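*Asks:* following this: a sequence and the matching experimental structure.
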Amino acid sequence: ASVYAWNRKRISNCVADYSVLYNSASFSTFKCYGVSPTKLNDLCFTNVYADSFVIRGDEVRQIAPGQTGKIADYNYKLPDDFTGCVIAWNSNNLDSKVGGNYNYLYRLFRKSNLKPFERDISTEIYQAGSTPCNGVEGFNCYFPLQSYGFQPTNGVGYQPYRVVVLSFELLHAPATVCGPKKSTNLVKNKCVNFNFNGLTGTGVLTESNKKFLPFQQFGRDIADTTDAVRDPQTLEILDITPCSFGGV
Amino acid sequence: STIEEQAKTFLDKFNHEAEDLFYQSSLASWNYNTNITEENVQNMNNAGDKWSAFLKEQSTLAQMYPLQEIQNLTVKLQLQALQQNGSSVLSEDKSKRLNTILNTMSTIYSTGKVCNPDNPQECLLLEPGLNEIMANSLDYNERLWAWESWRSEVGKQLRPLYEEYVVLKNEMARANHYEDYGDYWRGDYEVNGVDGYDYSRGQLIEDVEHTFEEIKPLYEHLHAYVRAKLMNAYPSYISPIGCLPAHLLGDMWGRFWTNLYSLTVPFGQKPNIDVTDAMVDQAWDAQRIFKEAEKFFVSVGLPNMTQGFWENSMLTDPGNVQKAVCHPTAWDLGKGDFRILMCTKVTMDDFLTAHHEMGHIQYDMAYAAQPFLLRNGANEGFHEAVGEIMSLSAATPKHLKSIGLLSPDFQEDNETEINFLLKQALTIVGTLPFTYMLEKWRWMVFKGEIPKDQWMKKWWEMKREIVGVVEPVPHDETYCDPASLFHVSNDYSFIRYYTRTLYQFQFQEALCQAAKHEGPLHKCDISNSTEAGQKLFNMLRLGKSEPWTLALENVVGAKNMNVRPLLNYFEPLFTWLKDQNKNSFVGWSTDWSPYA
Ligand SMILES: *[C@@H]1O[C@H](CO)[C@@H](O)[C@H](O)[C@H]1NC(C)=O
Ligand SMILES: *[C@@H]1O[C@H](CO)[C@@H](O)[C@H](O)[C@H]1NC(C)=O
Ligand SMILES: *[C@@H]1O[C@H](CO)[C@@H](O)[C@H](O)[C@H]1NC(C)=O
Ligand SMILES: *[C@@H]1O[C@H](CO)[C@@H](O)[C@H](O)[C@H]1NC(C)=O
């Protein structure tokens, strides 16, 4: 969509693979504000609303929290302390055509300052002077809707890069969905630390003759001591016993 | 509710609207030059009418804004250029005489004719036919016939046409409340609204004339020196008591005297500075020629070329069927698109032109951050003088030995530099009197204090006095030889070449003092100094956003037109020029001796 018509959709109930962006070897505008790229994989926040728009090359720095400009004021303003990341990459091979890319428009002027994270869709014309416009272009109408022209022969400053912005903010809604965590092959018959989904402990792993119904994740036998877990990566039921210890 | 916020809204609307239309016109003009096709002629007229009508609409909307209350200077310069009415003042029945006359000039000039009268065998074009007959032959009789082959067969049909042109272009100024059409061309140099920086329009005529009294004694000795080595070849064919013919001064227009060096070489026994044989032993091509030129500029400090030029532009002459013209021109398509349009050859002239046409490109991306109306040079002389300072540095023997064109053991004595410096004197000093005299005649005839019967007797009488040329044949009023030149016929301001020289040497002395070079200006170099590169690019990036009179104060510190830093360039040449002309008759009076 256009820069002035940026969408807002919620991403939830699925795993978010941020690691595929690191090894893509195609992004040149990988900056994060208020958070580290490495530490946002295991932990995440809700409200995973994604905003998609196209920003020209000479005004990439304009789209940033705490930074003002031309696009950053009357098209899309990022509020302060925006805990998010910006990723942009060139799209000359597909998002361009000869004679000008007459598909993207934007709003250039507006009477009042825009509130953060609101979208206005209207055909209202600018009113710089006291004399109103009666629908006919004059000295004070200045129709803000203009179509940008992108060509394959444009310079690097005018090259339109494909940019996507992911927003992460903490609200009262709990139970957010985050990215994946590393898994390691199970080792058997050894006192080995384990940390499954929600529980952890130390003990020796061995085969189990007991059988589990397919909707339990683990189990305990006596005095809230876990003795059997079933990893969903294998669909196999095991026994856990504390490894050998005692007094000499 | 302020005019300042109202002007920024209008220029922001125009900048995005114009760059869409300017890119369509620049892309259309590029395919015309690159490819000649039938439909492409119709295609140019389609894009050019809606582009010309767009400027008509923007000029009417800015007229209702009053100019007596805008204290901001950034939008005042933009509104002054946008409010030039141009052709909108003319009526519909008179404006149709504009597009008709200008297209007739291009088609008439394209007709090549050297067929002999009463003997119509065949005749070819200008490039294979006319250039060989002026650069190689040494016969007086046929060149005299060739002189009458164009001024009596082509200029005879311009006498009713050019006089109609100069009575209606002069009338727009009264309809635009100016004095004359000569004052209209001085509006590019007019600066108003700045305290202490104001440049009056009439002071420029006085200041230009005041600087000419030191150009004249230098040109007196140049004509005296060149007259002793030409009468050696023609003992009884030219008399050594008068002046020289006009059709023996190197080019068709006599602008550059570079072609008389081979005929009038002082000492031809030692070899000249020629490296055409040096590149062919190592098999140099077009790619390796331009690769070392790009790394020369990035060594200075200027930014390198973008990635959308090497794989997109054309460099050599492609194919056999493409007969498109490749006259060397600089292209500014906008939006980061930069191209060079020329046919490469392994020659002396094309190698220097390759450096010359890139300098205008290197000026164009500097003001790329400026708005579209200010995306230009500071004046008409800046964009030409900026493109020539790297030409002075690239012709130095030090820069030629830096790349590796010259031999590693090439001594630099006196005579190896006098040969180079006299080549520069013929292309720089020799063009100063010709630019001032021709522009001085056009300004007063547009002002109007010259009647009809005193055009030719005053034009010829200054050629005998200033230039020093005796007319080989008397000419009556039916001739119209001053209107045959390309610039005068096509409405081009020739004053941008007079201020080009006075600017390209003000910048040269200022930049060489920053690099602390110990020696004269001819041996000075710019490379291997990163302090000078960052200093220049900050002033290059300003463009027209600042006044040009502030650009002078940014380099030399003197607000006036200084004449002292030009003789210091030629002190080694002037002391040598003074000893050979000890006994020769320097300084001509009025001379009716040969053709009384
Ligand atoms: C998920 O479980 C299945 C069945 O045991 C297994 O084949 C698969 O390898 C596991 N995870 C993946 C996708 O590797
Ligand atoms: C004049 O207008 C320009 C707009 O580019 C602005 O930057 C500058 O501050 C203005 N000058 C004054 C004195 O306000
Ligand atoms: C341009 O033409 C209009 C047409 O009437 C006129 O009002 C205006 O003064 C002209 N502008 C100039 C600078 O002559
Ligand atoms: C150049 O001439 C000067 C005197 O005019 C002389 O001192 C100098 O040695 C000459 N240079 C060379 C390289 O001979």
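*Replies:* Happy to help now that I have it. Numbering: from 1, shown residues only, chains lettered A, B, ... in the order given. Ligands and ions are numbered 1, 2, ... in the order given.
*Asks:* once you drop chain neighbours, what's closest to the residue in chain B that ligand 1 sits nearest to?
*Replies:* Of all residues in chain B, residue B:307 sits closest to ligand 1, at 41.7 Å by C-beta to the nearest ligand atom. Where C-beta positions appear, they are placed from N, C-alpha and C, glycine not excepted. Residue nearest to residue B:307 in three dimensions, not counting chain neighbours: residue A:156, with 6.8 Å by C-beta to C-beta, 6 or more residues apart in numbering or on different chains.
*Asks:* re the thing from before, can I assume the residue of chain B closest to ligand 1 is in contact with residue A:154?
*Replies:* No - using C-beta atoms under 8 Å, residue B:307 makes no contact with residue A:154, being 11.3 Å away.
*Asks:* more neighbours, these two?
*Replies:* residue A:154 (25 against 11; other C-beta atoms under 10 Å in any protein chain shown).
*Asks:* go ahead and confirm the more buried one touches residue B:334.
*Replies:* No - applying C-beta under 8 Å, one finds residue A:154 not in contact with residue B:334, separated by 9.2 Å.
*Asks:* residue closest to the middle of the chain?
*Replies:* Answering for chain A, as no chain was given. Of all residues in chain A, the one closest to the mean position by C-alpha atoms, centre = their mean is residue A:166, 3.2 Å from it.
*Asks:* correction: the question concerned chain B.
*Replies:* Note: chain B centre (C-alpha atoms, centre = their mean) maps to residue B:497, 5.3 Å.
*Asks:* would you quantify the distance from it to ligand 3?
*Replies:* 28 Å (C-beta to the nearest ligand atom, to the nearest Å).
*Asks:* and for residue B:62?
*Replies:* On the measure of C-beta to the nearest ligand atom, residue B:62 and ligand 3 end up 10 Å apart.
*Asks:* wouldn't that residue be in contact with residue B:81 here?
*Replies:* No - Residue B:62 is beyond contact range of residue B:81, at 10.2 Å (criterion: C-beta under 8 Å).
*Asks:* higher neighbour count, those two?
*Replies:* Set residue B:62 next to residue B:81 and count neighbours by other C-beta under 10 Å: residue B:62 wins out with 17 against 13.
*Asks:* next, the contact list for the more buried one, please.
*Replies:* Taking C-beta atoms under 8 Å, 6 or more residues apart in numbering or on different chains, we find residue B:62 in contact with B:10, B:79, B:82-83.
*Asks:* any of the residues you listed buried? List them.
*Replies:* B:10, B:79, B:82 (16 or more other C-beta atoms under 10 Å in any protein chain shown).
*Asks:* what residues does the closest residue to ligand 3 within the stretch 151-300 of chain B make contact with?
*Replies:* Going by C-beta to the nearest ligand atom, ligand 3 is nearest to residue B:176 of the stretch 151-300 of chain B, at 3.6 Å. Shown in contact with residue B:176 (C-beta under 8 Å, 6+ apart): B:85, B:89, B:184.
*Asks:* next, format the residues you listed as TSV and append neighbour count, secondary structure and distance to residue A:23.
*Replies:* Shown next, in TSV, are the contacts of residue B:176 (neighbours: other C-beta atoms under 10 Å in any protein chain shown; DSSP: H, G, I helix; E, B strand; the rest coil; distance: C-beta to C-beta, whole Å):
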residue	neighbour count	secondary structure	distance to residue A:23
B:85	14	coil	61
B:89	14	coil	66
B:184	18	helix	64
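*Asks:* closest one of these to residue B:6?
*Replies:* residue B:85 (21.7 Å; C-beta to C-beta).
*Asks:* contacts only, for residue A:76.
*Replies:* Contacts of residue A:76 (C-beta under 8 Å, 6+ apart): A:3-4, A:6, A:51, A:53, A:63.
*Asks:* biggest separation within the residues you listed, which pair?
*Replies:* Going by C-beta to C-beta, the pair spanning these furthest: A:4 and A:63, at 13.0 Å.
*Asks:* could you find the closest non-adjacent residue to residue 146?
*Replies:* You didn't pick a chain, so chain A it is. residue B:16 (4.8 Å).
*Asks:* right idea, wrong chain: chain B
*Replies:* residue B:133 (6.7 Å).
*Asks:* residues near the one you found, how many?
*Replies:* The burial count for residue B:133: 13, using other C-beta under 10 Å.
*Asks:* which helix or which strand is home to it?
*Replies:* Using DSSP states H and E, residue B:133 maps to helix B:131-135.
*Asks:* same deal with residue B:206?
*Replies:* Going by DSSP H and E, residue B:206 is part of helix B:203-226.
*Asks:* just the buried positions in the helix or strand just after that helix, please.
*Replies:* As assigned by DSSP H and E, the chain's next helix or strand after helix B:203-226 is helix B:260-263. Buried residues in helix B:260-263, counted by 16+ other C-beta under 10 Å: B:260-261.
*Asks:* quick one: secondary structure of residue B:352?
*Replies:* Secondary structure assignment for residue B:352 (DSSP: H, G, I helix; E, B strand; the rest coil): helix.
*Asks:* right, and residue B:240 touches residue B:231 too?
*Replies:* Yes - with contact defined as C-beta under 8 Å, residue B:240 reaches residue B:231; the gap is 5.0 Å.
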